[PDB]
Amino acid sequence: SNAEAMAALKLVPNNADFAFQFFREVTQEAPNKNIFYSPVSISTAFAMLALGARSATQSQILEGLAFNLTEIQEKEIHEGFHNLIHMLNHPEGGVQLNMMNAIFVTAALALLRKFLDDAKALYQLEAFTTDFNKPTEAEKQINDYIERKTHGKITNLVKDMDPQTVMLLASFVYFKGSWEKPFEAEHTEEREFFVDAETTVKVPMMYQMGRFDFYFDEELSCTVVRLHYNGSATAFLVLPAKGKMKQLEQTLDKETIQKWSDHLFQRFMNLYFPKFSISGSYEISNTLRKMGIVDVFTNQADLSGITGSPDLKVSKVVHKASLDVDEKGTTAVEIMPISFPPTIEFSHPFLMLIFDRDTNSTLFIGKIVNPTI
Ligand SMILES: C[C@]12CCC(=O)C=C1CC[C@@H]1[C@@H]2[C@@H](O)C[C@@]2(C)[C@H]1CC[C@]2(O)C(=O)CO
Ligand SMILES: NC[C@H]1O[C@H](O)[C@H](N)[C@@H](O)[C@@H]1O
């Protein structure tokens, strides 16, 4: 839904499929914890490796990313992702996501100019020769890099790095949206959030009254509220009924998303939503292995497009996503609402799904069980 987004849009179902398989996988390996990551950022970091991959290494990357090579060209995927990053990262554009990919490669290996140029042009890759036999100084320099790159918002990407690391793939992304409809800060008050409930925490609960996109599904036992950001990003806030999270996790896919957005309608309501911040920080190898991306991690990797020899493999891929949510920030037609409008209060665990409306991509997937962690 942006026309400049032509190449990016060809990617829309494949990226959404990947986004939600990844989600299904990760909620299994960690069933009662905060989950927070950037699908678009993971998809983008891996497609970028595909630039340098050959044969079955390459085919597994692209397929595990949910592309079917018999129906889409490799040219189009890279064109797609270049168009996507360009739109998400562009200053004049609707998101300013500032999502970043970096590789840290052992000084003991060669790099091809062809890979460095292709990956810079397409994917804005920064690549660093790294002496992993100085773990202390490697760690400190990598974390300083993430810190400086994120204007302070993300620090401590890596800790205790194997001195035999061949290549670290880093993707990281910080976001704070500006709300199309701001919450009034005078009315934020600490209220109770029900984690367990053997557990209960106090959270600053924001408040706003007004017309918001809303939908209830009975099938899933979920209240859906959708809030726009200024620009083109939008947030779906999904409140499952007590006892219905496991079920929502196991079903959630892009068809569920399309159902929701097809059926949202503006409803006047009292909205209570926590002011909070969340990080997710993962080494994502297993998850991707389980999704069928195998050889890239093993000695059977063909990354010869990177080094010019079949000597490279991905030792470690760290993904860190970070988000702040608060009240901020910035007429002639106003509804005459019913006497006792509904109240929706996100005060028990919920999903937060952040998308771009210009490229129809999933920017963030959050499962918030405890907004004070
Ligand atoms: C699932 C969906 C439609 C089917 C598909 O294969 C890919 C997606 C993922 C992104 C979704 C999209 C549509 O639903 C419209 C959405 C929600 C979009 C993100 C932003 C969006 O354009 C809107 O929020 C407009 O309401
Ligand atoms: N198949 C074409 C596509 O993939 C290659 O690996 C090239 N290096 C890149 O520039 C191009 O867009």
# chains A, B, ... in the order shown; residues from 1 in each chain; ligands from 1
>>> residues_around(residues="segment 69-71 of chain A", least_positions_apart="2", cutoff="12 Å", atoms="only C-alpha atoms", output="MDAnalysis selection string")
chainID A and resid 10:11 14 58:67 73:77
>>> closest_atom_pairs(of="chain A", to="ligand 1", cutoff="9 Å", atoms="only C-alpha atoms and all ligand atoms", output="CSV")
residue,atom,partner,partner_atom_place_in_ligand_line,distance
A:1,CA,ligand 1,22 (O),7.1
A:11,CA,ligand 1,7 (C),8.7
A:12,CA,ligand 1,7 (C),5.0
A:13,CA,ligand 1,6 (O),3.6
A:14,CA,ligand 1,6 (O),7.3
A:15,CA,ligand 1,9 (C),7.7
A:16,CA,ligand 1,9 (C),5.1
A:17,CA,ligand 1,6 (O),7.7
A:226,CA,ligand 1,24 (O),8.0
A:228,CA,ligand 1,24 (O),8.5
A:232,CA,ligand 1,20 (C),8.7
A:233,CA,ligand 1,20 (C),7.7
A:234,CA,ligand 1,24 (O),6.2
A:235,CA,ligand 1,24 (O),7.9
A:236,CA,ligand 1,24 (O),8.0
A:253,CA,ligand 1,1 (C),8.1
A:254,CA,ligand 1,1 (C),4.6
A:255,CA,ligand 1,1 (C),6.0
A:256,CA,ligand 1,1 (C),7.3
A:257,CA,ligand 1,1 (C),4.5
A:258,CA,ligand 1,14 (O),3.7
A:259,CA,ligand 1,14 (O),7.2
A:260,CA,ligand 1,14 (O),7.3
A:261,CA,ligand 1,26 (O),5.0
A:262,CA,ligand 1,14 (O),7.1
A:264,CA,ligand 1,26 (O),8.1
A:354,CA,ligand 1,19 (C),8.0
A:355,CA,ligand 1,19 (C),4.9
A:356,CA,ligand 1,20 (C),5.5
A:357,CA,ligand 1,20 (C),4.2
A:358,CA,ligand 1,22 (O),7.2
A:359,CA,ligand 1,19 (C),7.7
A:360,CA,ligand 1,19 (C),4.2
A:361,CA,ligand 1,10 (C),5.1
A:362,CA,ligand 1,10 (C),6.1
>>> residues_near_ligand(ligand="ligand 2", cutoff="8 Å", atoms="only C-alpha atoms and all ligand atoms", output="PyMOL selection string")
chain A and resi 50-53+73-76+78-79+114-115+118+122+305
>>> closest_residue(among="A:57, A:370, A:106, A:330", to="residue 296 of chain A", atoms="only C-alpha atoms")
A:57
>>> residues_around(residues="segment 193-209 of chain A", least_positions_apart="2", cutoff="8 Å", atoms="only C-alpha atoms", output="PyMOL selection string")
chain A and resi 182-185+187-191+211+268-276+326-327+347-349+369-372
>>> write_last_selection(atoms="C-alpha atoms", output="PDB file, in the first residue's frame")
ATOM      1  CA  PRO A 182      -1.527  10.393  22.425  1.00  0.00           C
ATOM      2  CA  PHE A 183      -2.406   9.107  25.902  1.00  0.00           C
ATOM      3  CA  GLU A 184      -2.913  12.048  28.358  1.00  0.00           C
ATOM      4  CA  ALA A 185       0.043  11.879  30.760  1.00  0.00           C
ATOM      5  CA  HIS A 187      -3.900  10.302  33.807  1.00  0.00           C
ATOM      6  CA  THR A 188      -1.163   7.649  33.883  1.00  0.00           C
ATOM      7  CA  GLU A 189      -1.343   5.952  37.340  1.00  0.00           C
ATOM      8  CA  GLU A 190       0.343   2.846  38.694  1.00  0.00           C
ATOM      9  CA  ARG A 191      -2.083  -0.057  38.496  1.00  0.00           C
ATOM     10  CA  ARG A 211     -12.483   5.815  19.106  1.00  0.00           C
ATOM     11  CA  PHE A 268     -15.454   4.573  21.397  1.00  0.00           C
ATOM     12  CA  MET A 269     -13.884   3.205  24.630  1.00  0.00           C
ATOM     13  CA  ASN A 270     -11.835   3.586  27.722  1.00  0.00           C
ATOM     14  CA  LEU A 271      -8.368   2.271  26.972  1.00  0.00           C
ATOM     15  CA  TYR A 272      -5.858   1.306  29.562  1.00  0.00           C
ATOM     16  CA  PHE A 273      -2.440   0.324  28.289  1.00  0.00           C
ATOM     17  CA  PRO A 274       0.860   0.031  30.146  1.00  0.00           C
ATOM     18  CA  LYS A 275       3.765   2.515  29.774  1.00  0.00           C
ATOM     19  CA  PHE A 276       6.710   0.102  29.474  1.00  0.00           C
ATOM     20  CA  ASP A 326       4.879   5.688  26.512  1.00  0.00           C
ATOM     21  CA  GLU A 327       2.155   8.461  26.322  1.00  0.00           C
ATOM     22  CA  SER A 347      -3.537  -5.661  32.613  1.00  0.00           C
ATOM     23  CA  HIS A 348      -2.768  -9.261  32.024  1.00  0.00           C
ATOM     24  CA  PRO A 349      -0.420 -10.858  29.420  1.00  0.00           C
ATOM     25  CA  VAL A 369       3.865 -11.467  30.155  1.00  0.00           C
ATOM     26  CA  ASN A 370       5.552  -9.000  32.519  1.00  0.00           C
ATOM     27  CA  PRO A 371       6.043  -5.371  31.527  1.00  0.00           C
ATOM     28  CA  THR A 372       8.308  -4.672  34.579  1.00  0.00           C
TER      29      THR A 372
END
>>> residues_around(residues="residue 111 of chain A", least_positions_apart="5", cutoff="10 Å", atoms="only C-alpha atoms", output="PyMOL selection string")
chain A and resi 105+116+127+129+304-309
>>> write_last_selection(atoms="N, CA, C and O atoms", output="PDB file, in the first residue's frame")
ATOM      1  N   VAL A 105      33.928 -10.826  11.493  1.00  0.00           N
ATOM      2  CA  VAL A 105      34.543 -12.022  10.867  1.00  0.00           C
ATOM      3  C   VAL A 105      35.965 -12.118  11.419  1.00  0.00           C
ATOM      4  O   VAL A 105      36.664 -11.079  11.571  1.00  0.00           O
ATOM      5  N   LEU A 116      31.341  -7.669   0.039  1.00  0.00           N
ATOM      6  CA  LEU A 116      31.233  -6.427   0.788  1.00  0.00           C
ATOM      7  C   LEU A 116      30.449  -5.339   0.032  1.00  0.00           C
ATOM      8  O   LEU A 116      29.718  -4.616   0.671  1.00  0.00           O
ATOM      9  N   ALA A 127      30.749  -4.581   7.825  1.00  0.00           N
ATOM     10  CA  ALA A 127      31.515  -5.793   8.168  1.00  0.00           C
ATOM     11  C   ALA A 127      32.818  -5.410   8.861  1.00  0.00           C
ATOM     12  O   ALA A 127      33.458  -4.420   8.477  1.00  0.00           O
ATOM     13  N   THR A 129      36.595  -6.870  10.631  1.00  0.00           N
ATOM     14  CA  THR A 129      37.645  -7.862  10.901  1.00  0.00           C
ATOM     15  C   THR A 129      37.783  -7.858  12.409  1.00  0.00           C
ATOM     16  O   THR A 129      37.926  -6.786  13.068  1.00  0.00           O
ATOM     17  N   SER A 304      31.132 -19.396   0.061  1.00  0.00           N
ATOM     18  CA  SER A 304      32.298 -19.096  -0.766  1.00  0.00           C
ATOM     19  C   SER A 304      32.167 -17.742  -1.444  1.00  0.00           C
ATOM     20  O   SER A 304      33.185 -17.133  -1.767  1.00  0.00           O
ATOM     21  N   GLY A 305      30.920 -17.271  -1.619  1.00  0.00           N
ATOM     22  CA  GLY A 305      30.619 -15.920  -2.043  1.00  0.00           C
ATOM     23  C   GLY A 305      31.073 -14.851  -1.080  1.00  0.00           C
ATOM     24  O   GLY A 305      31.157 -13.670  -1.476  1.00  0.00           O
ATOM     25  N   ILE A 306      31.385 -15.225   0.170  1.00  0.00           N
ATOM     26  CA  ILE A 306      31.917 -14.231   1.182  1.00  0.00           C
ATOM     27  C   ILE A 306      33.444 -14.160   1.201  1.00  0.00           C
ATOM     28  O   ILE A 306      34.025 -13.083   1.115  1.00  0.00           O
ATOM     29  N   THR A 307      34.096 -15.320   1.290  1.00  0.00           N
ATOM     30  CA  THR A 307      35.551 -15.391   1.533  1.00  0.00           C
ATOM     31  C   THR A 307      36.285 -15.786   0.253  1.00  0.00           C
ATOM     32  O   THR A 307      37.488 -15.628   0.167  1.00  0.00           O
ATOM     33  N   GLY A 308      35.545 -16.263  -0.750  1.00  0.00           N
ATOM     34  CA  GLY A 308      36.144 -16.933  -1.898  1.00  0.00           C
ATOM     35  C   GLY A 308      36.579 -18.386  -1.697  1.00  0.00           C
ATOM     36  O   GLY A 308      37.100 -18.989  -2.638  1.00  0.00           O
ATOM     37  N   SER A 309      36.424 -18.957  -0.492  1.00  0.00           N
ATOM     38  CA  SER A 309      36.734 -20.389  -0.299  1.00  0.00           C
ATOM     39  C   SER A 309      35.654 -20.996   0.534  1.00  0.00           C
ATOM     40  O   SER A 309      34.921 -20.266   1.202  1.00  0.00           O
TER      41      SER A 309
END
>>> select_by_dssp(residues="segment 126-352 of chain A", states="strand (DSSP E)", output="PyMOL selection string")
chain A and resi 126-130+167-176+189-194+200-217+222-228+233-240+265-274+276-283+316-325+343-345+350-352
>>> residues_around(residues="segment 317-325 of chain A", least_positions_apart="3", cutoff="6 Å", atoms="only C-alpha atoms", output="PyMOL selection string")
chain A and resi 37-38+168-176+275-283
>>> atom_distance(atom1="atom CA of residue 221 of chain A", atom2="atom CA of residue 39 of chain A")
24.9 Å
>>> closest_residue(among="A:40, A:336, A:110, A:45", to="residue 97 of chain A", atoms="only C-alpha atoms")
A:40
>>> residues_around(residues="segment 153-158 of chain A", least_positions_apart="6", cutoff="7 Å", atoms="only C-alpha atoms", output="list in words")
residues 139, 143, 146, 147 and 174 of chain A
>>> closest_residue(among="A:316, A:246, A:90, A:151", to="residue 286 of chain A", atoms="only C-alpha atoms")
A:316
>>> closest_residue(among="A:42, A:117, A:331, A:98", to="residue 150 of chain A", atoms="only C-alpha atoms")
A:98
>>> residues_around(residues="residue 350 of chain A", least_positions_apart="2", cutoff="6 Å", atoms="only C-alpha atoms", output="ChimeraX atom specification")
/A:238-239,367-368
>>> write_last_selection(atoms="N, CA, C and O atoms", output="mmCIF file, in the first residue's frame")
data_model
loop_
_atom_site.group_PDB
_atom_site.id
_atom_site.type_symbol
_atom_site.label_atom_id
_atom_site.label_comp_id
_atom_site.auth_asym_id
_atom_site.auth_seq_id
_atom_site.Cartn_x
_atom_site.Cartn_y
_atom_site.Cartn_z
ATOM 1 N N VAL A 238 -3.099 -7.332 21.463
ATOM 2 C CA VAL A 238 -3.930 -8.534 21.492
ATOM 3 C C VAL A 238 -3.968 -9.054 22.905
ATOM 4 O O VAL A 238 -2.944 -9.443 23.469
ATOM 5 N N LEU A 239 -5.160 -9.029 23.474
ATOM 6 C CA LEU A 239 -5.420 -9.391 24.878
ATOM 7 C C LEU A 239 -6.195 -10.694 24.840
ATOM 8 O O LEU A 239 -7.380 -10.639 24.541
ATOM 9 N N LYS A 367 5.449 -10.638 23.053
ATOM 10 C CA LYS A 367 4.537 -11.317 23.918
ATOM 11 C C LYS A 367 4.988 -10.758 25.240
ATOM 12 O O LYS A 367 6.121 -10.997 25.648
ATOM 13 N N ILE A 368 4.145 -9.940 25.859
ATOM 14 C CA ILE A 368 4.475 -9.266 27.106
ATOM 15 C C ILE A 368 3.733 -10.012 28.201
ATOM 16 O O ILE A 368 2.519 -9.879 28.307
#
>>> select_by_dssp(residues="segment 275-339 of chain A", states="alpha helix (DSSP H)", output="number ranges by chain")
A: 285-290, 304-307
>>> write_last_selection(atoms="N, CA, C and O atoms", output="compact mmCIF listing (two decimals), in the first residue's frame")
# COMPACT_ATOMS: atom_id res chain seq x y z
N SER A 285 20.22 -19.46 16.33
CA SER A 285 20.63 -20.65 15.59
C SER A 285 19.69 -21.84 15.68
O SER A 285 19.27 -22.33 14.63
N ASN A 286 19.35 -22.31 16.90
CA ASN A 286 18.51 -23.50 17.08
C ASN A 286 17.22 -23.32 16.36
O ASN A 286 16.73 -24.27 15.69
N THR A 287 16.66 -22.11 16.55
CA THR A 287 15.33 -21.76 16.10
C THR A 287 15.37 -21.87 14.59
O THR A 287 14.52 -22.54 14.01
N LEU A 288 16.40 -21.28 13.98
CA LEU A 288 16.53 -21.34 12.53
C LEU A 288 16.88 -22.74 12.04
O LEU A 288 16.43 -23.14 10.96
N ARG A 289 17.68 -23.49 12.81
CA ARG A 289 17.95 -24.91 12.49
C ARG A 289 16.61 -25.67 12.40
O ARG A 289 16.31 -26.30 11.37
N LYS A 290 15.79 -25.52 13.46
CA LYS A 290 14.45 -26.10 13.49
C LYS A 290 13.62 -25.61 12.33
O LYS A 290 12.73 -26.32 11.90
N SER A 304 31.13 -19.40 0.06
CA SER A 304 32.30 -19.10 -0.77
C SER A 304 32.17 -17.74 -1.44
O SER A 304 33.18 -17.13 -1.77
N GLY A 305 30.92 -17.27 -1.62
CA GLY A 305 30.62 -15.92 -2.04
C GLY A 305 31.07 -14.85 -1.08
O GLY A 305 31.16 -13.67 -1.48
N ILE A 306 31.39 -15.23 0.17
CA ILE A 306 31.92 -14.23 1.18
C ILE A 306 33.44 -14.16 1.20
O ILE A 306 34.02 -13.08 1.11
N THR A 307 34.10 -15.32 1.29
CA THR A 307 35.55 -15.39 1.53
C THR A 307 36.28 -15.79 0.25
O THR A 307 37.49 -15.63 0.17
>>> atom_distance(atom1="atom CA of residue 222 of chain A", atom2="atom CA of residue 328 of chain A")
26.2 Å
>>> atom_distance(atom1="atom CA of residue 351 of chain A", atom2="atom CA of residue 366 of chain A")
5.5 Å
